[PDB]
Amino acid sequence: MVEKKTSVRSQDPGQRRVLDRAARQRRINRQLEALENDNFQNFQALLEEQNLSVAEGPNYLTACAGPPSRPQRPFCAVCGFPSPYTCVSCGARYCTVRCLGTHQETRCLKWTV
Amino acid sequence: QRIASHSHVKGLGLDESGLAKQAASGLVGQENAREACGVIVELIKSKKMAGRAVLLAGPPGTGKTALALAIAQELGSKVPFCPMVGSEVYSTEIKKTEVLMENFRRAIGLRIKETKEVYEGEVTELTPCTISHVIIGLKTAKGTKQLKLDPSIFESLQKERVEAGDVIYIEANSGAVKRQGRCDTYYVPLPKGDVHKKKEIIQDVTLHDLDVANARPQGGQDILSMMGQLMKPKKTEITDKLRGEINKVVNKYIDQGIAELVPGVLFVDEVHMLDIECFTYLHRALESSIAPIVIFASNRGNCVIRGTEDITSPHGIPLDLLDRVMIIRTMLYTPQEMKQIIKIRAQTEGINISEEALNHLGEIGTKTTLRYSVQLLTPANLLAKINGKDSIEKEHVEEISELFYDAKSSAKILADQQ
Amino acid sequence: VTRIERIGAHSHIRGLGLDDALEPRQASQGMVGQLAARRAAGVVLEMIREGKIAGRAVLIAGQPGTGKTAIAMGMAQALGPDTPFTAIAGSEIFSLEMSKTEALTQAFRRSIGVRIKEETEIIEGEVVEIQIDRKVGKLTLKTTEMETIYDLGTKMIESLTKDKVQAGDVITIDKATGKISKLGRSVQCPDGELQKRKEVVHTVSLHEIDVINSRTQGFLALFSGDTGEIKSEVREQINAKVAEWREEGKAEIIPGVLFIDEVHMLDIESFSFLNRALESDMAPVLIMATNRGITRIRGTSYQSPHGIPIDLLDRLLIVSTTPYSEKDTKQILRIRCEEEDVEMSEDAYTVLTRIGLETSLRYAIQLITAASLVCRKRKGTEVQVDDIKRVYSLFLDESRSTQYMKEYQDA
Ligand SMILES: Nc1ncnc2c1ncn2[C@@H]1O[C@H](COP(=O)(O)OP(=O)(O)O)[C@@H](O)[C@H]1O
Ligand SMILES: Nc1ncnc2c1ncn2[C@@H]1O[C@H](COP(=O)(O)OP(=O)(O)O)[C@@H](O)[C@H]1O
């Protein structure tokens, strides 16, 4: 019987309109907070009492180390192995053609809303 | 690895009393000649004489090269031993006499211990302080150290384009900088030892190497830059000026105990190939107080000297130079000795031989030169191997000797002469 | 259509035609008859391939034209590539930029290979975009299966500046050097992975090591601007450093062959040098060829077999090649015809066989092509007997030419 996906024709990328630059940052930020996030897959109270804690003296906010001297290393994000490549659209890194395939099908451009 | 014609010779094979054994460190037979070589080898170890000369004489194949190599083995690696062919003196860049003198100087060695240190690591910082000095931080797997560096060295750093994160090997005494790469984390591994490496290099040099290093200048950045570009032939050093001055500085360091002289050997093969002007230079040269011991080898008897076109002399060497030389005669082997040599060569070369195969191969060695019996072993073993056998059965030697002829048999074939 | 290499005297020799018991097929791989000598060549060829024994010497002797250079080329072709086979004539060592002894040792050391196995990683793709911010930039590369961005750091962007201001080029980047090489305008773009780890097995002669390390930019091995390497120093420590590469995993040595054709042209200085040059671990096998009988050695007045001094003939094994019968002559002529484009009548083969068995083999082999052309003139398609007779009249051989000196000319 039929190929049975032309009915849903999800992506149909004649009008793809890549997401880039600041959008990448958004994704990065999102991922960071998700790795910093909690059980559900009080934080507002934490942010409130943290914004009470703002000052120039030695405190929570001023105890951040900062950027590292040893430069950032590439990793694949699909299997986590060292990654010679970058995805042209979103900037996330990968190490094979197969990994680019999976990434294009599940993580490239799809979760930027 | 890689067996060679003499690689079974492990020494002269004398005992503690001097007298030669029938078979020893690779060598078998040549009782009297090995005894004579054993006497001169202690002349070499004495480090006392200069320019003493020996002629290993005899027919081709009678072990004379083997005895010279046995001397070289008997001494070890701590004293020089320079192989030359008399044919090598006919240089096209350099006058024969100067090839000969250079080889006389290759054969005198000089041991010298330098306790020396090099600083290596990933450079963490550089700060020059008109520059009074440069502070440089170096990192290895055993920590970090802050170095103060002579400001002249600060030129080298900029010439090598070193900057923080590079791995470098700044040498303490020279001040020489070599940029080994970029550090692994950004390429070469972070050095895994201490940042201040210190070691006593006890490696040795020779007088000729010194002469050559003093023949031509280095660096300069002026007109000299173009001297770094032209074709670089060898040229004669100056007898009564440069190489004598080298003698002076070497004596200065010997007096200080920094260096120790190790007089070696110059071994000249096929000495009959030297020109008569070479022979006469040579017998003006090995009377010098600085010369090595020189071992000559010649495999032809009474015949005409080179470059005279009619003067005939024993061993192809003028009577003048045959005086002031001690002659060691080597002689032809008996069938028993040739059998032993064939056996030693076989077991050196990795070959198994059946007793009847060995006996007939030795008999071949009686109809024909020993060296030919020794030739046949490997191809005969290769046939045996290709017939699936481990040993050389007689079926293989007594048939491989039909594929390959020897000099005499092939000469008899050539006697059809058309 | 026509490449550099064309039909030469030994083109038909595709190998040394032996069964793997080292037994010669009476006609195989272009080689005919000559059984004893060819199987002896087989033994020394397997001894070459074993490699464990250094500095062995074989002399292959016989009349002119009795297959001895053909046997040498058969060994070369049977040995195949990636094992050095340095072929020179005895006349090659007589030189003006270096001495004959030095040229001979250089020939010895072109003939030992060092096999060194190295892993790099190579990028290969079509350029999609490139950037410059006067400096840093970025590069996007495309294989038909993927595209990626790279950051153009200082050395990489400097390297890419060498032949810039174009895009859509399909190029390779060596991540070691930054060496860019471009195949052309997107010739098709590449398949598979963009960046791959890759292995190269370099085989480099000892002469090449020695030359590269003789001098700053000493790699003029391309034009022989070296004039005698510094032996015992820049040549003793290369031997030591190769012995250090070995027995550690860095490299393995591949001992090849040195073929000295017409060794009777060497002189006793050169022969005396061979005596000792054959006796070191780094000595290859050398095989050498000679027509001459018992003749005067060059450089002296001494008569000797093969024109080679006897103390060197002690040092080598002497193969003898033998002259050909009618059958072997006919078969060689057939194989030459099959290597060239010609076809002949069987009567033409018979006539040419007797012609070559009368005068000399090589003359008949030469007549093949001439008769082919003569038949082409009359727009034939197979060489006939009268073509051979015509060509036999047009082109003389040495014997009939000498006979025709019943008239007189200069001396
Ligand atoms: N006394 C010995 N014991 C064992 N093997 C020997 C002895 N003398 C010679 N040989 C072997 O026989 C060969 C004869 O060659 P060689 O001695 O170099 O000739 P020459 O004496 O003319 O230099 C040597 O290369 C060596 O392999
Ligand atoms: N056994 C053989 N098989 C094939 N061709 C041969 C054979 N012997 C000689 N030839 C050919 O005959 C000609 C004679 O040359 P060649 O035998 O190399 O001369 P030489 O033996 O004097 O070196 C060449 O064209 C060669 O290819």
# chains A, B, ... in the order shown; residues from 1 in each chain; ligands from 1
$ residues_near_ligand --ligand "ligand 1" --cutoff "6 Å" --atoms "only C-alpha atoms and all ligand atoms" --output "VMD selection string"
chain B and resid 5 to 6 26 to 30 60 to 66 299 341 371
$ write_last_selection --atoms "N, CA and C atoms" --output "PDB file, in the first residue's frame"
ATOM      1  N   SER B   5      78.121 -10.575   6.292  1.00  0.00           N
ATOM      2  CA  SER B   5      79.251 -11.461   6.031  1.00  0.00           C
ATOM      3  C   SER B   5      80.092 -11.731   7.275  1.00  0.00           C
ATOM      4  N   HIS B   6      80.212 -10.760   8.185  1.00  0.00           N
ATOM      5  CA  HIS B   6      81.065 -10.901   9.359  1.00  0.00           C
ATOM      6  C   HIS B   6      80.304 -10.924  10.675  1.00  0.00           C
ATOM      7  N   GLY B  26      83.162 -16.760  17.343  1.00  0.00           N
ATOM      8  CA  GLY B  26      82.909 -16.709  15.919  1.00  0.00           C
ATOM      9  C   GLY B  26      84.096 -17.159  15.088  1.00  0.00           C
ATOM     10  N   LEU B  27      85.304 -16.845  15.555  1.00  0.00           N
ATOM     11  CA  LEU B  27      86.512 -17.170  14.816  1.00  0.00           C
ATOM     12  C   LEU B  27      86.938 -18.610  15.073  1.00  0.00           C
ATOM     13  N   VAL B  28      87.458 -19.252  14.031  1.00  0.00           N
ATOM     14  CA  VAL B  28      88.003 -20.604  14.119  1.00  0.00           C
ATOM     15  C   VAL B  28      89.260 -20.676  13.259  1.00  0.00           C
ATOM     16  N   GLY B  29      90.309 -21.295  13.800  1.00  0.00           N
ATOM     17  CA  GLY B  29      91.573 -21.344  13.096  1.00  0.00           C
ATOM     18  C   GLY B  29      92.325 -20.030  13.226  1.00  0.00           C
ATOM     19  N   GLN B  30      93.263 -19.813  12.300  1.00  0.00           N
ATOM     20  CA  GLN B  30      94.139 -18.641  12.326  1.00  0.00           C
ATOM     21  C   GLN B  30      94.769 -18.462  13.704  1.00  0.00           C
ATOM     22  N   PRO B  60      93.018 -13.860  -0.705  1.00  0.00           N
ATOM     23  CA  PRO B  60      91.620 -13.489  -0.460  1.00  0.00           C
ATOM     24  C   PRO B  60      90.874 -14.604   0.258  1.00  0.00           C
ATOM     25  N   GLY B  61      90.040 -14.212   1.221  1.00  0.00           N
ATOM     26  CA  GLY B  61      89.207 -15.146   1.946  1.00  0.00           C
ATOM     27  C   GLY B  61      89.826 -15.750   3.191  1.00  0.00           C
ATOM     28  N   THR B  62      91.037 -15.335   3.575  1.00  0.00           N
ATOM     29  CA  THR B  62      91.739 -15.929   4.708  1.00  0.00           C
ATOM     30  C   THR B  62      91.509 -15.169   6.016  1.00  0.00           C
ATOM     31  N   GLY B  63      90.362 -14.507   6.168  1.00  0.00           N
ATOM     32  CA  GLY B  63      89.972 -13.957   7.451  1.00  0.00           C
ATOM     33  C   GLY B  63      90.611 -12.643   7.838  1.00  0.00           C
ATOM     34  N   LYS B  64      91.329 -11.980   6.926  1.00  0.00           N
ATOM     35  CA  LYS B  64      92.060 -10.780   7.323  1.00  0.00           C
ATOM     36  C   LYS B  64      91.097  -9.638   7.663  1.00  0.00           C
ATOM     37  N   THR B  65      90.077  -9.421   6.825  1.00  0.00           N
ATOM     38  CA  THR B  65      89.002  -8.507   7.210  1.00  0.00           C
ATOM     39  C   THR B  65      88.310  -8.989   8.477  1.00  0.00           C
ATOM     40  N   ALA B  66      88.119 -10.306   8.600  1.00  0.00           N
ATOM     41  CA  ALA B  66      87.458 -10.844   9.782  1.00  0.00           C
ATOM     42  C   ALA B  66      88.266 -10.558  11.037  1.00  0.00           C
ATOM     43  N   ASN B 299      95.202  -8.123  -0.130  1.00  0.00           N
ATOM     44  CA  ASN B 299      94.955  -9.516  -0.485  1.00  0.00           C
ATOM     45  C   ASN B 299      95.692  -9.968  -1.742  1.00  0.00           C
ATOM     46  N   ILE B 341      83.949 -23.350   9.884  1.00  0.00           N
ATOM     47  CA  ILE B 341      83.468 -22.021   9.505  1.00  0.00           C
ATOM     48  C   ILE B 341      82.087 -22.117   8.876  1.00  0.00           C
ATOM     49  N   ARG B 371      84.507 -18.983   0.733  1.00  0.00           N
ATOM     50  CA  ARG B 371      83.424 -18.011   0.721  1.00  0.00           C
ATOM     51  C   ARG B 371      82.244 -18.506  -0.112  1.00  0.00           C
TER      52      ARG B 371
END
$ closest_atom_pairs --of "chain C" --to "ligand 2" --cutoff "8 Å" --atoms "only C-alpha atoms and all ligand atoms" --output "JSON lines"
{"residue": "C:9", "atom": "CA", "partner": "ligand 2", "partner_atom_place_in_ligand_line": "25 (O)", "distance": 4.4}
{"residue": "C:10", "atom": "CA", "partner": "ligand 2", "partner_atom_place_in_ligand_line": "27 (O)", "distance": 4.3}
{"residue": "C:11", "atom": "CA", "partner": "ligand 2", "partner_atom_place_in_ligand_line": "27 (O)", "distance": 7.4}
{"residue": "C:12", "atom": "CA", "partner": "ligand 2", "partner_atom_place_in_ligand_line": "27 (O)", "distance": 7.0}
{"residue": "C:13", "atom": "CA", "partner": "ligand 2", "partner_atom_place_in_ligand_line": "4 (C)", "distance": 6.4}
{"residue": "C:27", "atom": "CA", "partner": "ligand 2", "partner_atom_place_in_ligand_line": "3 (N)", "distance": 7.9}
{"residue": "C:30", "atom": "CA", "partner": "ligand 2", "partner_atom_place_in_ligand_line": "4 (C)", "distance": 5.6}
{"residue": "C:31", "atom": "CA", "partner": "ligand 2", "partner_atom_place_in_ligand_line": "3 (N)", "distance": 3.4}
{"residue": "C:32", "atom": "CA", "partner": "ligand 2", "partner_atom_place_in_ligand_line": "3 (N)", "distance": 4.1}
{"residue": "C:33", "atom": "CA", "partner": "ligand 2", "partner_atom_place_in_ligand_line": "1 (N)", "distance": 5.4}
{"residue": "C:34", "atom": "CA", "partner": "ligand 2", "partner_atom_place_in_ligand_line": "1 (N)", "distance": 5.2}
{"residue": "C:38", "atom": "CA", "partner": "ligand 2", "partner_atom_place_in_ligand_line": "1 (N)", "distance": 7.9}
{"residue": "C:62", "atom": "CA", "partner": "ligand 2", "partner_atom_place_in_ligand_line": "21 (O)", "distance": 7.0}
{"residue": "C:63", "atom": "CA", "partner": "ligand 2", "partner_atom_place_in_ligand_line": "22 (O)", "distance": 6.4}
{"residue": "C:64", "atom": "CA", "partner": "ligand 2", "partner_atom_place_in_ligand_line": "22 (O)", "distance": 3.7}
{"residue": "C:65", "atom": "CA", "partner": "ligand 2", "partner_atom_place_in_ligand_line": "19 (O)", "distance": 3.4}
{"residue": "C:66", "atom": "CA", "partner": "ligand 2", "partner_atom_place_in_ligand_line": "21 (O)", "distance": 3.9}
{"residue": "C:67", "atom": "CA", "partner": "ligand 2", "partner_atom_place_in_ligand_line": "17 (O)", "distance": 2.9}
{"residue": "C:68", "atom": "CA", "partner": "ligand 2", "partner_atom_place_in_ligand_line": "21 (O)", "distance": 3.8}
{"residue": "C:69", "atom": "CA", "partner": "ligand 2", "partner_atom_place_in_ligand_line": "23 (O)", "distance": 3.6}
{"residue": "C:70", "atom": "CA", "partner": "ligand 2", "partner_atom_place_in_ligand_line": "18 (O)", "distance": 4.1}
{"residue": "C:71", "atom": "CA", "partner": "ligand 2", "partner_atom_place_in_ligand_line": "1 (N)", "distance": 6.8}
{"residue": "C:289", "atom": "CA", "partner": "ligand 2", "partner_atom_place_in_ligand_line": "23 (O)", "distance": 7.3}
{"residue": "C:290", "atom": "CA", "partner": "ligand 2", "partner_atom_place_in_ligand_line": "22 (O)", "distance": 7.8}
{"residue": "C:291", "atom": "CA", "partner": "ligand 2", "partner_atom_place_in_ligand_line": "22 (O)", "distance": 6.3}
{"residue": "C:321", "atom": "CA", "partner": "ligand 2", "partner_atom_place_in_ligand_line": "21 (O)", "distance": 8.0}
{"residue": "C:332", "atom": "CA", "partner": "ligand 2", "partner_atom_place_in_ligand_line": "4 (C)", "distance": 5.5}
{"residue": "C:335", "atom": "CA", "partner": "ligand 2", "partner_atom_place_in_ligand_line": "4 (C)", "distance": 7.4}
{"residue": "C:336", "atom": "CA", "partner": "ligand 2", "partner_atom_place_in_ligand_line": "5 (N)", "distance": 7.7}
{"residue": "C:361", "atom": "CA", "partner": "ligand 2", "partner_atom_place_in_ligand_line": "12 (O)", "distance": 6.5}
{"residue": "C:362", "atom": "CA", "partner": "ligand 2", "partner_atom_place_in_ligand_line": "13 (C)", "distance": 5.2}
{"residue": "C:365", "atom": "CA", "partner": "ligand 2", "partner_atom_place_in_ligand_line": "25 (O)", "distance": 6.7}
$ residues_around --residues "segment 254-264 of chain B" --least-positions-apart "4" --cutoff "6 Å" --atoms "only C-alpha atoms" --output "PyMOL selection string"
chain B and resi 79-81+107-112+292
$ write_last_selection --atoms "N, CA, C and O atoms" --output "short mmCIF file (atom, residue, chain, number, x, y, z; two decimals), in the first residue's frame"
data_model
loop_
_atom_site.label_atom_id
_atom_site.label_comp_id
_atom_site.auth_asym_id
_atom_site.auth_seq_id
_atom_site.Cartn_x
_atom_site.Cartn_y
_atom_site.Cartn_z
N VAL B 79 85.77 2.89 22.10
CA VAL B 79 86.88 3.47 21.34
C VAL B 79 86.54 3.49 19.85
O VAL B 79 85.87 2.56 19.35
N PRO B 80 86.96 4.51 19.11
CA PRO B 80 86.64 4.56 17.67
C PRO B 80 87.31 3.45 16.88
O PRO B 80 88.37 2.94 17.25
N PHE B 81 86.66 3.08 15.77
CA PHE B 81 87.21 2.16 14.78
C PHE B 81 86.64 2.56 13.43
O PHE B 81 85.45 2.37 13.18
N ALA B 107 89.57 8.73 13.67
CA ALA B 107 89.96 7.59 14.49
C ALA B 107 90.48 7.99 15.87
O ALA B 107 90.89 7.10 16.63
N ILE B 108 90.50 9.27 16.21
CA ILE B 108 90.84 9.74 17.55
C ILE B 108 89.56 10.29 18.17
O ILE B 108 88.99 11.26 17.66
N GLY B 109 89.10 9.68 19.27
CA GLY B 109 87.89 10.10 19.94
C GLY B 109 88.16 10.89 21.21
O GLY B 109 89.26 10.91 21.74
N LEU B 110 87.09 11.49 21.72
CA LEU B 110 87.17 12.42 22.84
C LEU B 110 85.88 12.29 23.63
O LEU B 110 84.81 12.66 23.14
N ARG B 111 85.97 11.73 24.84
CA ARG B 111 84.82 11.59 25.73
C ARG B 111 84.74 12.81 26.63
O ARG B 111 85.76 13.32 27.10
N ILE B 112 83.52 13.29 26.87
CA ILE B 112 83.32 14.49 27.67
C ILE B 112 81.95 14.43 28.33
O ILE B 112 80.94 14.22 27.66
N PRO B 292 96.43 7.79 15.04
CA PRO B 292 95.90 6.56 15.65
C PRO B 292 96.78 5.36 15.36
O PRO B 292 97.86 5.51 14.76
#
$ residues_around --residues "segment 238-248 of chain C" --least-positions-apart "2" --cutoff "10 Å" --atoms "only C-alpha atoms" --output "mmCIF file with C-alpha atoms, in the first residue's frame"
data_model
loop_
_atom_site.group_PDB
_atom_site.id
_atom_site.type_symbol
_atom_site.label_atom_id
_atom_site.label_comp_id
_atom_site.auth_asym_id
_atom_site.auth_seq_id
_atom_site.Cartn_x
_atom_site.Cartn_y
_atom_site.Cartn_z
ATOM 1 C CA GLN B 1 68.831 -8.426 12.874
ATOM 2 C CA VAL C 114 62.644 2.498 5.218
ATOM 3 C CA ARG C 115 58.920 1.837 5.631
ATOM 4 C CA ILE C 116 57.281 4.300 8.023
ATOM 5 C CA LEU C 206 68.186 5.675 2.834
ATOM 6 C CA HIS C 207 69.544 8.021 0.167
ATOM 7 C CA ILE C 209 66.825 10.311 4.420
ATOM 8 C CA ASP C 210 70.512 11.132 3.990
ATOM 9 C CA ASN C 213 69.045 15.747 6.398
ATOM 10 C CA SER C 232 80.848 8.583 8.931
ATOM 11 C CA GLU C 233 78.941 11.568 10.364
ATOM 12 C CA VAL C 234 75.731 12.552 8.540
ATOM 13 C CA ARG C 235 75.654 8.988 7.217
ATOM 14 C CA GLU C 236 76.708 7.006 10.297
ATOM 15 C CA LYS C 250 58.693 3.515 14.346
ATOM 16 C CA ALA C 251 59.877 1.930 11.081
ATOM 17 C CA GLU C 252 60.875 -1.307 9.356
ATOM 18 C CA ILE C 253 63.592 -1.543 6.710
ATOM 19 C CA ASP C 281 74.048 -4.812 7.464
ATOM 20 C CA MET C 282 72.557 -2.065 5.271
#
$ residues_around --residues "segment 7-20 of chain A" --least-positions-apart "5" --cutoff "8 Å" --atoms "only C-alpha atoms" --output "list in words"
residues 89, 90, 109 and 112 of chain A
$ atom_distance --atom1 "atom CA of residue 123 of chain C" --atom2 "atom CA of residue 172 of chain C"
5.4 Å
$ residues_around --residues "residue 373 of chain B" --least-positions-apart "4" --cutoff "8 Å" --atoms "only C-alpha atoms" --output "PyMOL selection string"
chain B and resi 342+361-362+364-365+368-369+377
$ interface_residues --of "chain A" --to "chain B" --cutoff "10 Å" --atoms "only C-alpha atoms" --output "VMD selection string"
chain A and resid 70 to 73
$ write_last_selection --atoms "C-alpha atoms" --output "CSV table (one decimal), in the first residue's frame"
chain,number,residue,atom,x,y,z
A,70,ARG,CA,41.2,26.1,29.3
A,71,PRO,CA,39.1,26.5,26.1
A,72,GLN,CA,35.8,24.8,25.5
A,73,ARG,CA,35.9,21.3,24.1
